[PDB]
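Data from query.cif: mmCIF, N, CA and C atoms and all ligand atoms
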data_work
loop_
_atom_site.label_atom_id
_atom_site.label_comp_id
_atom_site.auth_asym_id
_atom_site.auth_seq_id
_atom_site.Cartn_x
_atom_site.Cartn_y
_atom_site.Cartn_z
N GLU A 195 -104.99 0.81 198.63
CA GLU A 195 -104.34 1.63 197.54
C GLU A 195 -105.40 2.42 196.77
N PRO A 196 -105.28 3.76 196.73
CA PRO A 196 -106.25 4.57 196.00
C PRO A 196 -106.17 4.24 194.51
N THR A 197 -107.28 4.39 193.81
CA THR A 197 -107.28 4.26 192.35
C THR A 197 -107.55 5.59 191.64
N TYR A 198 -107.17 5.64 190.36
CA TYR A 198 -107.09 6.90 189.64
C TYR A 198 -107.52 6.65 188.21
N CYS A 199 -107.68 7.73 187.44
CA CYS A 199 -107.77 7.66 185.98
C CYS A 199 -109.11 7.15 185.43
N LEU A 200 -109.26 7.21 184.11
CA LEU A 200 -110.35 6.59 183.37
C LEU A 200 -110.40 5.07 183.54
N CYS A 201 -109.25 4.47 183.87
CA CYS A 201 -109.12 3.03 183.94
C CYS A 201 -109.31 2.50 185.37
N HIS A 202 -109.40 3.39 186.35
CA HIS A 202 -109.65 2.96 187.76
C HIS A 202 -108.61 2.04 188.38
N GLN A 203 -107.34 2.24 188.02
CA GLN A 203 -106.27 1.40 188.54
C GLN A 203 -105.38 2.25 189.48
N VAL A 204 -104.55 1.57 190.26
CA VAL A 204 -103.56 2.21 191.13
C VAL A 204 -102.59 3.12 190.37
N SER A 205 -101.95 4.03 191.10
CA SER A 205 -100.91 4.84 190.50
C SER A 205 -99.83 3.95 189.89
N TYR A 206 -99.36 4.31 188.70
CA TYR A 206 -98.13 3.75 188.17
C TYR A 206 -97.54 4.63 187.08
N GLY A 207 -96.22 4.52 186.88
CA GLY A 207 -95.53 5.28 185.84
C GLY A 207 -95.79 6.77 186.06
N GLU A 208 -95.77 7.54 184.97
CA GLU A 208 -95.93 8.98 185.12
C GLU A 208 -97.41 9.30 185.10
N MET A 209 -97.83 10.20 185.99
CA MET A 209 -99.21 10.64 186.00
C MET A 209 -99.35 12.13 185.79
N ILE A 210 -100.50 12.55 185.27
CA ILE A 210 -100.72 13.98 184.97
C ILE A 210 -101.98 14.44 185.66
N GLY A 211 -101.96 15.66 186.19
CA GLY A 211 -103.14 16.15 186.92
C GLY A 211 -104.00 17.09 186.08
N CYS A 212 -105.32 16.95 186.18
CA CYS A 212 -106.24 17.76 185.40
C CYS A 212 -106.37 19.11 186.11
N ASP A 213 -106.30 20.19 185.34
CA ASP A 213 -106.34 21.53 185.93
C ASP A 213 -107.75 22.11 186.19
N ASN A 214 -108.79 21.30 185.99
CA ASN A 214 -110.11 21.72 186.43
C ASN A 214 -110.23 21.30 187.90
N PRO A 215 -110.33 22.27 188.83
CA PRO A 215 -110.32 21.92 190.24
C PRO A 215 -111.54 21.05 190.56
N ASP A 216 -112.54 21.02 189.69
CA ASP A 216 -113.77 20.27 189.97
C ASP A 216 -113.75 18.91 189.28
N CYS A 217 -112.60 18.53 188.75
CA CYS A 217 -112.52 17.30 187.99
C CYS A 217 -112.82 16.13 188.92
N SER A 218 -113.54 15.13 188.43
CA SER A 218 -113.96 14.03 189.32
C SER A 218 -112.87 12.95 189.45
N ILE A 219 -111.85 13.05 188.60
CA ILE A 219 -110.81 12.02 188.56
C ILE A 219 -109.44 12.50 189.00
N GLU A 220 -109.09 13.71 188.55
CA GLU A 220 -107.94 14.47 189.02
C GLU A 220 -106.59 14.05 188.49
N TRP A 221 -106.32 12.74 188.50
CA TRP A 221 -104.99 12.22 188.13
C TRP A 221 -105.16 11.09 187.13
N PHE A 222 -104.29 11.06 186.11
CA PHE A 222 -104.44 10.15 184.99
C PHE A 222 -103.09 9.53 184.62
N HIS A 223 -103.07 8.28 184.21
CA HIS A 223 -101.84 7.69 183.65
C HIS A 223 -101.57 8.31 182.28
N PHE A 224 -100.31 8.65 182.02
CA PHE A 224 -99.99 9.30 180.74
C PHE A 224 -100.61 8.54 179.57
N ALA A 225 -100.43 7.22 179.53
CA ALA A 225 -100.81 6.49 178.31
C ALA A 225 -102.34 6.50 178.16
N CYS A 226 -103.05 6.48 179.30
CA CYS A 226 -104.50 6.49 179.24
C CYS A 226 -105.07 7.75 178.57
N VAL A 227 -104.31 8.85 178.61
CA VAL A 227 -104.76 10.09 177.99
C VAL A 227 -103.91 10.46 176.78
N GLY A 228 -103.27 9.44 176.19
CA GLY A 228 -102.52 9.61 174.93
C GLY A 228 -101.19 10.34 174.98
N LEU A 229 -100.55 10.39 176.14
CA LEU A 229 -99.32 11.18 176.29
C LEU A 229 -98.10 10.31 176.41
N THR A 230 -97.00 10.77 175.82
CA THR A 230 -95.71 10.19 176.07
C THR A 230 -94.84 11.15 176.84
N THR A 231 -94.99 12.44 176.59
CA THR A 231 -94.18 13.39 177.35
C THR A 231 -95.09 14.50 177.90
N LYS A 232 -94.57 15.19 178.92
CA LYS A 232 -95.28 16.28 179.59
C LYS A 232 -95.62 17.44 178.65
N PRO A 233 -96.90 17.81 178.63
CA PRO A 233 -97.37 18.98 177.93
C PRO A 233 -96.92 20.22 178.72
N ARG A 234 -96.74 21.34 178.04
CA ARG A 234 -96.42 22.59 178.73
C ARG A 234 -97.71 23.34 179.05
N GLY A 235 -97.72 24.08 180.15
CA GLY A 235 -98.87 24.90 180.53
C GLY A 235 -100.04 24.05 181.03
N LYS A 236 -101.19 24.68 181.28
CA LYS A 236 -102.34 23.98 181.86
C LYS A 236 -102.86 22.86 180.95
N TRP A 237 -103.36 21.79 181.57
CA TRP A 237 -103.88 20.63 180.84
C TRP A 237 -105.20 20.21 181.46
N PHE A 238 -106.17 19.92 180.60
CA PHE A 238 -107.43 19.36 181.05
C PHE A 238 -107.69 17.98 180.44
N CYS A 239 -108.30 17.13 181.24
CA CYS A 239 -108.57 15.74 180.85
C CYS A 239 -109.67 15.62 179.78
N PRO A 240 -109.89 14.40 179.30
CA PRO A 240 -110.88 14.25 178.24
C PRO A 240 -112.29 14.50 178.73
N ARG A 241 -112.61 14.14 179.97
CA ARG A 241 -113.94 14.43 180.51
C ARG A 241 -114.15 15.92 180.74
N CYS A 242 -113.07 16.64 181.07
CA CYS A 242 -113.16 18.10 181.27
C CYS A 242 -113.03 18.89 179.97
N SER A 243 -112.29 18.36 179.00
CA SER A 243 -112.09 19.05 177.73
C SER A 243 -113.34 18.99 176.87
N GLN A 244 -114.25 18.08 177.20
CA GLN A 244 -115.06 17.32 176.24
C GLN A 244 -114.37 17.07 174.89
N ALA B 1 -97.74 21.62 182.49
CA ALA B 1 -98.66 20.66 183.19
C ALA B 1 -98.06 20.05 184.45
N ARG B 2 -98.92 19.66 185.38
CA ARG B 2 -98.43 19.05 186.61
C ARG B 2 -98.37 17.53 186.45
N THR B 3 -97.19 16.97 186.72
CA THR B 3 -97.01 15.54 186.55
C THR B 3 -96.24 15.00 187.75
N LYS B 4 -96.38 13.71 188.01
CA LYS B 4 -95.59 13.11 189.08
C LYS B 4 -95.15 11.75 188.63
N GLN B 5 -94.06 11.27 189.19
CA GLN B 5 -93.68 9.88 189.01
C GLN B 5 -94.18 9.15 190.23
N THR B 6 -94.63 7.93 190.02
CA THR B 6 -95.28 7.14 191.05
C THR B 6 -94.29 6.73 192.14
NA NA A 301 -116.06 9.76 185.01
ZN ZN A 302 -105.24 4.93 183.50
ZN ZN A 303 -110.61 16.61 184.39
#
Could I get this file's structure written as structure tokens?
Ligand code: NA
Ligand SMILES: [Zn+2]
Ligand SMILES: [Zn+2]
Amino acid sequence: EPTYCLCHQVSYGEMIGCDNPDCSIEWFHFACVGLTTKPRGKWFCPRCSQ
Amino acid sequence: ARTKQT
């Protein structure tokens, strides 16, 4: 099973993809990045946003 | 944003 996110765990629940094509993680669990609902438009992760 | 359900 592939792992994802800042937390390095398997996919679960809703996930969000980072819009930096060079992102090293790519997919994140909503709660790990402080989200309850889908943001509109492009989104970048905390490592990409700084 | 792009999202998926597991
Ligand atoms: Na990292
Ligand atoms: Zn996570
Ligand atoms: Zn990123």
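For ligand NA 301 (chain A), the neighbouring protein, DNA and RNA residues, which are those within 7 Å when all atoms listed in the file are counted, are residues 200, 218, 219 and 241 of chain A.
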Residues within 6.5 Å of ligand ZN 302 (chain A) (only N, CA and C atoms and all ligand atoms), as a PDB file with N, CA and C atoms, keeping the file's coordinate frame?
ATOM      1  N   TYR A 198    -107.170   5.640 190.360  1.00  0.00           N
ATOM      2  CA  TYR A 198    -107.090   6.900 189.640  1.00  0.00           C
ATOM      3  C   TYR A 198    -107.520   6.650 188.210  1.00  0.00           C
ATOM      4  N   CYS A 199    -107.680   7.730 187.440  1.00  0.00           N
ATOM      5  CA  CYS A 199    -107.770   7.660 185.980  1.00  0.00           C
ATOM      6  C   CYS A 199    -109.110   7.150 185.430  1.00  0.00           C
ATOM      7  N   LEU A 200    -109.260   7.210 184.110  1.00  0.00           N
ATOM      8  CA  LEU A 200    -110.350   6.590 183.370  1.00  0.00           C
ATOM      9  C   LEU A 200    -110.400   5.070 183.540  1.00  0.00           C
ATOM     10  N   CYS A 201    -109.250   4.470 183.870  1.00  0.00           N
ATOM     11  CA  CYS A 201    -109.120   3.030 183.940  1.00  0.00           C
ATOM     12  C   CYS A 201    -109.310   2.500 185.370  1.00  0.00           C
ATOM     13  N   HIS A 202    -109.400   3.390 186.350  1.00  0.00           N
ATOM     14  CA  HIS A 202    -109.650   2.960 187.760  1.00  0.00           C
ATOM     15  C   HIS A 202    -108.610   2.040 188.380  1.00  0.00           C
ATOM     16  N   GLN A 203    -107.340   2.240 188.020  1.00  0.00           N
ATOM     17  CA  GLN A 203    -106.270   1.400 188.540  1.00  0.00           C
ATOM     18  C   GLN A 203    -105.380   2.250 189.480  1.00  0.00           C
ATOM     19  N   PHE A 222    -104.290  11.060 186.110  1.00  0.00           N
ATOM     20  CA  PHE A 222    -104.440  10.150 184.990  1.00  0.00           C
ATOM     21  C   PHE A 222    -103.090   9.530 184.620  1.00  0.00           C
ATOM     22  N   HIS A 223    -103.070   8.280 184.210  1.00  0.00           N
ATOM     23  CA  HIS A 223    -101.840   7.690 183.650  1.00  0.00           C
ATOM     24  C   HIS A 223    -101.570   8.310 182.280  1.00  0.00           C
ATOM     25  N   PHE A 224    -100.310   8.650 182.020  1.00  0.00           N
ATOM     26  CA  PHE A 224     -99.990   9.300 180.740  1.00  0.00           C
ATOM     27  C   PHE A 224    -100.610   8.540 179.570  1.00  0.00           C
ATOM     28  N   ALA A 225    -100.430   7.220 179.530  1.00  0.00           N
ATOM     29  CA  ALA A 225    -100.810   6.490 178.310  1.00  0.00           C
ATOM     30  C   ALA A 225    -102.340   6.500 178.160  1.00  0.00           C
ATOM     31  N   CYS A 226    -103.050   6.480 179.300  1.00  0.00           N
ATOM     32  CA  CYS A 226    -104.500   6.490 179.240  1.00  0.00           C
ATOM     33  C   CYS A 226    -105.070   7.750 178.570  1.00  0.00           C
ATOM     34  N   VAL A 227    -104.310   8.850 178.610  1.00  0.00           N
ATOM     35  CA  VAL A 227    -104.760  10.090 177.990  1.00  0.00           C
ATOM     36  C   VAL A 227    -103.910  10.460 176.780  1.00  0.00           C
TER      37      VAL A 227
END
Write out as JSON lines a residue-level contact list of chain A versus chain B with cut-off 5 Å: for each qualifying residue the closest pair of atoms and the distance in Å to one decimal, counting all atoms listed in the file, rows sorted by chain and residue number upward.
{"residue": "A:207", "atom": "C", "partner": "B:6", "partner_atom": "N", "distance": 4.3}
{"residue": "A:208", "atom": "CA", "partner": "B:4", "partner_atom": "C", "distance": 4.5}
{"residue": "A:209", "atom": "C", "partner": "B:4", "partner_atom": "N", "distance": 4.0}
{"residue": "A:210", "atom": "CA", "partner": "B:3", "partner_atom": "CA", "distance": 4.3}
{"residue": "A:211", "atom": "N", "partner": "B:2", "partner_atom": "C", "distance": 4.1}
{"residue": "A:233", "atom": "C", "partner": "B:1", "partner_atom": "N", "distance": 4.1}
{"residue": "A:234", "atom": "C", "partner": "B:1", "partner_atom": "N", "distance": 3.8}
{"residue": "A:235", "atom": "N", "partner": "B:1", "partner_atom": "N", "distance": 3.4}
{"residue": "A:236", "atom": "N", "partner": "B:1", "partner_atom": "N", "distance": 4.8}
Q: Could you tell me how far atom N of residue 216 in chain A lies from atom C of residue 228 in chain A, in Å and to one decimal?
A: 21.4 Å
When the cut-off is 5 Å and you count only N, CA and C atoms and all ligand atoms, which residues lie near ligand ZN 303 (chain A), shown as an mmCIF file with N, CA and C atoms, keeping the file's coordinate frame?
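For reference, out-v7.cif as written:
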data_model
loop_
_atom_site.group_PDB
_atom_site.id
_atom_site.type_symbol
_atom_site.label_atom_id
_atom_site.label_comp_id
_atom_site.auth_asym_id
_atom_site.auth_seq_id
_atom_site.Cartn_x
_atom_site.Cartn_y
_atom_site.Cartn_z
ATOM 1 N N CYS A 212 -105.320 16.950 186.180
ATOM 2 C CA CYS A 212 -106.240 17.760 185.400
ATOM 3 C C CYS A 212 -106.370 19.110 186.110
ATOM 4 N N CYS A 217 -112.600 18.530 188.750
ATOM 5 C CA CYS A 217 -112.520 17.300 187.990
ATOM 6 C C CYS A 217 -112.820 16.130 188.920
ATOM 7 N N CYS A 239 -108.300 17.130 181.240
ATOM 8 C CA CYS A 239 -108.570 15.740 180.850
ATOM 9 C C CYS A 239 -109.670 15.620 179.780
ATOM 10 N N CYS A 242 -113.070 16.640 181.070
ATOM 11 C CA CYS A 242 -113.160 18.100 181.270
ATOM 12 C C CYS A 242 -113.030 18.890 179.970
#
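Taking atom N of residue 237 in chain A and CA of residue 213 in chain A as the two end points, the separation is 5.3 Å.
Picture a line from atom N of residue 243 in chain A to CA of residue 195 in chain A; it runs 26.2 Å.
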Q. Could you write out, as a PyMOL selection string, all the residues of chain A that DSSP marks as helix (DSSP H, G or I)?
A. chain A and resi 225-227+240-243
Please return the centre and edge lengths, in Å to one decimal, of a box with edges along x, y and z that contains all listed atoms of range 205-223 of chain A, widened by 3 Å on every side, as JSON.
{"center_x": -104.7, "center_y": 13.0, "center_z": 186.7, "size_x": 24.4, "size_y": 24.5, "size_z": 14.8}
**Q.** Members of chain A assigned strand (DSSP E or B) by DSSP, as an NGL selection string
**A.** :A and (197-198 or 203-204 or 208-211 or 221-223)
Just to be explicit: take each residue in the selection above, keep N, CA and C atoms, and write the result as a tab-separated table (two decimals), in the coordinates of the input.
chain	number	residue	atom	x	y	z
A	197	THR	N	-107.28	4.39	193.81
A	197	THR	CA	-107.28	4.26	192.35
A	197	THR	C	-107.55	5.59	191.64
A	198	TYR	N	-107.17	5.64	190.36
A	198	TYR	CA	-107.09	6.90	189.64
A	198	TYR	C	-107.52	6.65	188.21
A	203	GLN	N	-107.34	2.24	188.02
A	203	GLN	CA	-106.27	1.40	188.54
A	203	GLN	C	-105.38	2.25	189.48
A	204	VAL	N	-104.55	1.57	190.26
A	204	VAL	CA	-103.56	2.21	191.13
A	204	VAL	C	-102.59	3.12	190.37
A	208	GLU	N	-95.77	7.54	184.97
A	208	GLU	CA	-95.93	8.98	185.12
A	208	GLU	C	-97.41	9.30	185.10
A	209	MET	N	-97.83	10.20	185.99
A	209	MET	CA	-99.21	10.64	186.00
A	209	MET	C	-99.35	12.13	185.79
A	210	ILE	N	-100.50	12.55	185.27
A	210	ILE	CA	-100.72	13.98	184.97
A	210	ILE	C	-101.98	14.44	185.66
A	211	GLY	N	-101.96	15.66	186.19
A	211	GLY	CA	-103.14	16.15	186.92
A	211	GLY	C	-104.00	17.09	186.08
A	221	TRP	N	-106.32	12.74	188.50
A	221	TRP	CA	-104.99	12.22	188.13
A	221	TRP	C	-105.16	11.09	187.13
A	222	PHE	N	-104.29	11.06	186.11
A	222	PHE	CA	-104.44	10.15	184.99
A	222	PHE	C	-103.09	9.53	184.62
A	223	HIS	N	-103.07	8.28	184.21
A	223	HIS	CA	-101.84	7.69	183.65
A	223	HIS	C	-101.57	8.31	182.28
